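Spelled out, the chains give:
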6 protein chains.
Amino acid sequence: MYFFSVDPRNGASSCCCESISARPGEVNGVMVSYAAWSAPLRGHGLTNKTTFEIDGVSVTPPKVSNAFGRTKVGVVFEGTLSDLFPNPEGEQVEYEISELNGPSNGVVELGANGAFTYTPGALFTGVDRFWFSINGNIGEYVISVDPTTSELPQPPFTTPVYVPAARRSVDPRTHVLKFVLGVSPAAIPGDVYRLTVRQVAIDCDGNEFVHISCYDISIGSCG
Amino acid sequence: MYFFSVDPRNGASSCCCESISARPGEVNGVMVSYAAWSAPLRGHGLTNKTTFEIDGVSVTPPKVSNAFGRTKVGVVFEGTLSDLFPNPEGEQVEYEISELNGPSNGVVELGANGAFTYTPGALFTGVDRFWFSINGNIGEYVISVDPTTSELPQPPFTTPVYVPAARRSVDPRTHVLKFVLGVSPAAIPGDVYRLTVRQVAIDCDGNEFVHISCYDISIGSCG
Amino acid sequence: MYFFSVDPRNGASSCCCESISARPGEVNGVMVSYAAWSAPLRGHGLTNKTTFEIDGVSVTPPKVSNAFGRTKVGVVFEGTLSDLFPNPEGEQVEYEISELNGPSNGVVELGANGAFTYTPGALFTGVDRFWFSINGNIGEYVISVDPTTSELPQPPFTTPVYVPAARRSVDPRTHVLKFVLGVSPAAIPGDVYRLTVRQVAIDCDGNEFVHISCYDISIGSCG
Amino acid sequence: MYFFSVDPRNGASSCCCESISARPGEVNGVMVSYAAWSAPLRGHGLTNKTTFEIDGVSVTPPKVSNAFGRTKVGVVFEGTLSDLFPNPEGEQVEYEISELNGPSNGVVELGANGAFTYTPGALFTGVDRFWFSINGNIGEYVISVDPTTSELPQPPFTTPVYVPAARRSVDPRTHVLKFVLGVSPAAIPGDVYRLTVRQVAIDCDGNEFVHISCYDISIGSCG
Amino acid sequence: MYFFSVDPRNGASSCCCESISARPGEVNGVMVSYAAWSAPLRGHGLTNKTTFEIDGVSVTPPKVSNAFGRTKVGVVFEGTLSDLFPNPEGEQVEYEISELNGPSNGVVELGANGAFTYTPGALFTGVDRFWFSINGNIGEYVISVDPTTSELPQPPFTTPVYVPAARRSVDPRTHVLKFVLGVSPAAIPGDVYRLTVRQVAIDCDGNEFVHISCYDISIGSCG
Amino acid sequence: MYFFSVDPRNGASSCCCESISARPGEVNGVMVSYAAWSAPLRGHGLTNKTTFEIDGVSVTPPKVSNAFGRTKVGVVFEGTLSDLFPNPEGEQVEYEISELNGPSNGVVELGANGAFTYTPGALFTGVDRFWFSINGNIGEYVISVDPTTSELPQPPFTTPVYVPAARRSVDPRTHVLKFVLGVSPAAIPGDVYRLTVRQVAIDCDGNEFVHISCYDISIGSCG
């Protein structure tokens, strides 16, 4: 768990935005202590109006494309895993499904040549993912299983670094913001992303005090 | 039970208005001891002319709308639960009826898709509520069952924080005001409301001494 | 017997909801002392309008399915015990009927291969259960014996953690709530469930004071 | 006599199951004091619905097989003692009948080579056992003497560790369970068995409170 | 929170006006302690007749113009985002709507080419802003939604540095002035503005003592 | 028993993955203490959703092939031990059956020339292995004895380094993961394997915190 203390905007105490190291596949937790800034502003503390933004400062575009499939409940799904690796050069394709990042409500039998069968778990209808690795390069395959009636919609293909939709909170009693920071298994080591956090305090009549800071998430491998 | 002692207006002993923590769904009790202020004013003590006012200092507008239905006595009532959640984004709707806040004189069978049947209890005609939770966000559905003749009127859709119409009292013998403070199940944690209390003492000829104070009700979750 | 004291809602004295350890198969007893909250509210104490709700915070879906059978009075019942274990992988099936959780008004002779004979006790018509263990994983088989005339209805397949329908009580004389907490033999160790209790006090004119708390039931093995 | 106090399920005070040392041939007595658990549950104390189960955690399969014979009343019985020791290797067979574990209503004259004559006691018809030791390894021979009319049935070949069918009792006046624990003379030193006890208390209306614990019986030699 | 102590005008203890660092988008709080000047003037302390003035000492004129639109309640509003960037040179226009400074009661879907749709939030009539960034340079777009009857007036296009209309106060009990200092998201880093504060004390007959000071607000980026 | 403490992901304190020495034939135990990482994440501790993966970083392909045979219950089984050693060069074949790794429910009489007789233990039907050593190089022979009816399936030929299917556990009370690490007798000294462990903590609402680490298992001989 990371713990940061914010700069208190007094006119007093290498880059601008502080650093967060991350490993592909992890889901860590970050705590930010606004006490130094929001305590002198004697009021009602923090509020749940935080806003986050992720932007890449170094990306290294991915090699293998992601893909989306669709199936009804109970019916076995097939698909290919070879049109997802447009290769520039000449080489062979060691298709691989890592057991750490396999599916969640199904099973996949990787074939001999870029083929795989996803038998969805019986009595289940939702969305399911798994992360393949075509020759070292990792991507994800997203399958949505329908409840036999119409058709399911299409989920947004998880990004390398993300901040879960609603797992954030603030205790106005001690001025501490908690949020989760998850790294996809397809994040390439060496990249750098930037997270900007806009947090509002509140004065005792309910007006607003805004505070902005950033963090530099550097995707490392091996910790 | 909260117990507050009022400031005695002598010229002597972070915000202005003191604090009251509240949890969604509770109904607590508050006691205020005017002894320090109204005892030196040797007279006939307090009177039952208290006035309350609720105002929000932080609200976080609700996501799901509330709704009103109507039915005659004995006839089963249907309705929908999907036009009450205008969603900005793309997501699914896990309609839920909490058993803690179910109906009071009926039964509701939540369907598969935002549908529900409220069979009113036999030999009963009044108003009945229940609190649904469309994907975490809570609202209320109000149904009024008519005694088969004309039509019932329309109740005012309980607010997040309220002070029951008539459950207040004052013992002029010890200068203590009692009132109840109820929090709706739809109050969003982190909000802050402000309650202003205007209490009149009385002098021994029947003239008036007014006293005003506030309390800051901060809707917390988990106590 | 667990004994909890409730927080008195004064504005004064790791998770939110306190903890209850449980062992699969037990049936324990819990006592909650509302004295700290309901005594200052000088009135008629607690009432028998408690409401409970169980929700899982970690479930670990079961491997072996449960099953339901039916038989008339006196006639011996057969059934299979092999279509209740859809296995992903390749392995053998050591069908087992634990003597601690055998039937109650019958006898079962487990066969060599997933077969069993439930001879219902003579002159008896009701419902009867027993808990099998197909290769470590436990489920229940429910049989209903009919009184030879029509057909019996179908009971609801006991859940991992439950609170018996009517074994709850409150002594308004000392503000203490008693209830029973039972754990099915199929509860998987390591899971966590959450119990929410909504208890109403009453004021001396019969109005209501609601109080809500939770408890985190963590299914442990070996105590 | 062993005396155990049970853990009271309060959320308070190397393996899970406590230990019982046992010596081959003994028959000891065990007392369990449920006072710490069943006294707060003010009710009608314990009931005589205890259930036991024995399972091996280490067995060391026996070398010499057991055997069953049959004879009518008064007629002398012969048998062999050499087809009961399938030996892997080459060695000689020192057949021995220990005087501590001889027969009970007969006499046996061990021959020179694995032969023996069991002359049943005159005017007696029942079942009779004796424990031989073919080269250190112990087994039992069971003979049933018939009352000259038909044929006697076949008894179940006593296990290494057992809990006698009906010698158990509970005093609801002090919450103490008594049971007997017997070890066969053929139990191999160093083994470990596990005994699980399921004891029910009862509430004052007759409902049930279940309690489960285990004990690890470690077959030692020499105490 | 900034805290300044004023010079006491005794004839005793690089630029003239002290310094305040500011970051684009923030809203901070400033406290000025007139105790050193207004305490010797034994009287009735400070009064709420403070006057502020903002003047730029370095501005760096903006590149992209701001804009104003108008719409009635409920009707979706369109507009362009390309006539707001008169470019001197040849380059492309990466239109961007930052999520930190998006709208407040609507939603905007930025198109492919400088187009955007602002669907106002249902049941809402007021003014709404959002800050776009045409190729690094930031400006604001102001939309006013009318309550279907006539037409709304036109708000004054928030300046880079401002002092909120009425959030200022003075405690005559300790001679401390509080005011808020907000920085627009379009303030260009490196600029310098000057704030002049004219504060009046009061003598015990109600006459006046004026005091003037300045502060140099230097718009920095990254704190 | 190995004991590792995990790195706590704070941004603070030759290869990446730590080291585990192993000896062919052993079965050791490993303990990992997640306290440093999962304790600050005040929640419900670890869960039983660990995932392991073994991959070789140096293998040294085996010389002698493994083999599979089949027999019914009670019938003696023959087989050869010479087509399992395709030799490149010219040399003789000192067939050997180590007594440390002999069979478990049978006996094998190694012949003069690569022949052997496996007489299965009477009254036994399962799978049985033994490890031969054709001229220093070790492999395994797997025999499955059928219960005379149909045919048994075919077990998966144990790998050099493995992690037993279900002998893993986690005590959420002290944040410690236990698992077993077994090394086959055919592991070649000097090889290196890599074990990756993916462990999930859980927050107090039941969401997830993932943690990944590796260990480098270096097959040594003589400790």
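What counts, and at which threshold
By convention in this text, residue numbers begin from 1 on each chain and track the written sequence, not necessarily the entry numbering, and residues missing coordinates are not displayed. Here chains are named by letter from A upward and ligands by number from 1 upward, in the order in which they appear as written. Reported values pertain to the displayed chains only, which are themselves part of a larger assembly. To obtain the side-chain values, all non-hydrogen atoms of the structure were used and water was disregarded. In this analysis, two residues are considered to be in contact whenever any of their non-hydrogen atoms come within 4.5 Å of each other. The quantity reported as buried area is the accessible area (1.4 Å probe) lost by two parts once they are put together, taken as the sum for both. Salt bridges are defined as contacts in which a side-chain nitrogen from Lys or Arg sits within 4 Å of a carboxyl oxygen from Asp or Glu. Nitrogen and oxygen atoms within 3.5 Å of one another constitute a polar contact, given that in protein one can donate a hydrogen and the other can accept it, and given that sequence-neighbouring residues count only through two side-chain atoms. Each helix corresponds to a stretch of at least 4 residues labelled H or I by DSSP, and each strand to a stretch of at least 2 residues labelled E; elements are numbered beginning at the N terminus. Under the convention adopted here, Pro, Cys and the residues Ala, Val, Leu, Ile, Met, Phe, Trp and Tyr are nonpolar, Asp, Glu, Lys and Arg are charged, and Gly plus all remaining residues are polar. Here a strand pair is declared whenever DSSP counts at least two bridges between the two strands. Throughout, an axis means a line fitted to C-alpha atoms (over the contacting stretch in the case of helices), and angles, computed between N-to-C directions, take values from 0 to 180 degrees. A simple rule labels every residue: compare its accessible area, found with a 1.4 Å probe on the protein chains alone, to the largest value its type can have, and call it buried under 20%, exposed over 50%, or partly exposed in between. The disulfide criterion used throughout: a pair of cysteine sulfur atoms within 2.5 Å. With a 1 Å grid laid over protein atoms only, a set of points is called a cavity when a 1.4 Å probe fits there but cannot get out and a pocket when it is open yet has protein on both sides within 12 Å along at least five of seven lines; lining residues have an atom within 4 Å of a point. Grid points are joined across faces, edges and corners, and a volume is the space filled by probe spheres set on the points.

Its PDB record attributes the structure to cryo-EM, giving the resolution as 2.96 Å.

**Let's talk about the interface of chain A and chain F**
Accessible area lost during the coming together of the parts is what is often quoted as the interface size. At the interface, 17 residues of chain A touch 21 residues of chain F. Summing both sides of the interface, chain A and chain F together bury roughly 1,800 Å²; the carbon and sulfur share of this comes to 53%. The tally of links from chain A across to chain F stands at 1 salt bridge. The partner of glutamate 26 of chain A in a salt bridge is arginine 9 of chain F, and the shortest N-O contact between them spans 3.0 Å. Inspection of the region where chain A meets chain F yields 5 residue pairs in polar contact. The set of elements that each furnish at least two residues to the side of chain A that touches chain F consists of β2 (18–22) and β3 (27–33) of chain A. For the side of chain A that touches chain F, the element with the highest residue contribution is β3 of chain A, accounting for 3 residues. Split by residue class, the side of chain A that touches chain F holds 8 nonpolar, 5 polar and 4 charged.

**Some details on the sheet that holds strand β4 (residues 51–58) of chain E**
Residues and elements named next belong to chain E. The 4 strands are arranged β2-β15-β14-β4 in an open sheet whose pairing can be described as mixed. For this open sheet the edge positions go to β2 (18–22) and β4, each flanked by a neighbour on one side alone. Averaged over all pairs of adjacent strands, the angle between strand axes in this sheet comes to 30°, irrespective of strand direction. Bridge count for strand β14 (residues 192–202) against strand β15 (residues 208–219) is 11 bridges, and the pairing is antiparallel. Bridging from a neighbouring strand, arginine 194 pairs with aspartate 216 of β15.

**Here's the deal with the interface of chain C and chain D**
The partner chain D presents 21 residues to the 17 residues of chain C that form the contact. The contact between chain C and chain D buries some 1,800 Å² in all, and 53% of this surface belongs to carbon and sulfur atoms. Three residues, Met1, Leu100 and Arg167 of chain C, lead the burial of chain C against chain D; their summed loss comes to 38% of the area buried on that side. Along the contact surface separating chain C from chain D lie 1 salt bridge. Looking at the side of chain C that touches chain D, the elements that each hand over two or more residues are β2 (18–22) and β3 (27–33) of chain C. The leading source of residues in the side of chain C that touches chain D is β3 of chain C, at 3 residues.

**As for unusual backbone geometry**
We note that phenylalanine 157 of chain B has phi near 60°; this positive angle belongs to a residue other than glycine. Along the chain, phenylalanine 157 of chain B turns up in the loop between β10 (137–146) and β11 (161–162). For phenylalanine 157 of chain B, a relative accessible area of 21% translates into the label partly exposed. With a phi angle near 60°, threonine 60 of chain E is a residue other than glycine that sits in the positive phi range.

**Observations regarding the sheet that holds strand β6 (residues 77–80) of chain D**
Residues and elements named next belong to chain D. The 3 strands are arranged β6-β8-β7 in an open sheet whose pairing can be described as antiparallel. The sheet is open, and its two edges are formed by β6 and β7 (106–110), each paired on a single side. Within the sheet, the average angular offset between the axes of one strand and its neighbour, ignoring direction, is 20°.

**Focus on the pairing of strand β10 (residues 137–146) of chain F**
Regular strands show a simple pattern: their side chains alternate between the two faces of the sheet. Residue and element names in this part refer to chain F. Of all 10 residues that make up β10, 8 are buried, and the element is covered over most of its length. Two elements, strand β5 (residues 67–72) and β10, share 6 bridges in a ladder whose sense is parallel. Opposite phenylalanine 68, over in β10, you have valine 142 as the bridge partner. Pairing of strand β9 (residues 127–134) with β10, which is carried by 8 bridges, proceeds in the antiparallel orientation. In the sheet register, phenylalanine 132 faces β10, and the bridge partner there is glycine 139.

**What about the state of the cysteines?**
Structurally, a disulfide amounts to a covalent bond that connects the sulfur atoms of two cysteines. Applying the stated criterion to the full structure yields 12 disulfides over all chains. In this model, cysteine 15 of chain C is linked to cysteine 204 of chain F through a disulfide, with the two sulfur atoms separated by 2.1 Å. Taken together, the residues span two chains, with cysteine 15 of chain C in the loop between β1 (2–5) and β2 and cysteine 204 of chain F in the loop between β14 (192–202) and β15 (208–219). Counting only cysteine sulfurs, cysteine 17 of chain A is the nearest neighbor of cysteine 15 of chain A, a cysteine outside any disulfide, at a range of 7.2 Å.

**Re the side chain of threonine 196 of chain A**
Its place among the elements puts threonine 196 of chain A in strand β14 (residues 192–202). Not counting chain neighbours up to four residues away, the residues in contact with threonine 196 of chain A comprise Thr51, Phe52, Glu53, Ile212, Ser213 and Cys214 of chain A together with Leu100 of chain E.

**Describing empty space enclosed by the protein**
Empty space within the largest cavity amounts to approximately 50 Å³. In terms of lining, the largest cavity is formed by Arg9 of chain A together with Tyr2, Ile20, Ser21, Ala22, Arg23, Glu26, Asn28, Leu181 and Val183 of chain E. Every element with two or more residues in the lining of the largest cavity is listed here: β2 and β13 (176–183) of chain E. In terms of residue count, β2 of chain E provides more of the lining of the largest cavity than any other element does, 3 residues in total. Across the lining of the largest cavity, the residue classes break down as 5 nonpolar, 2 polar and 3 charged.

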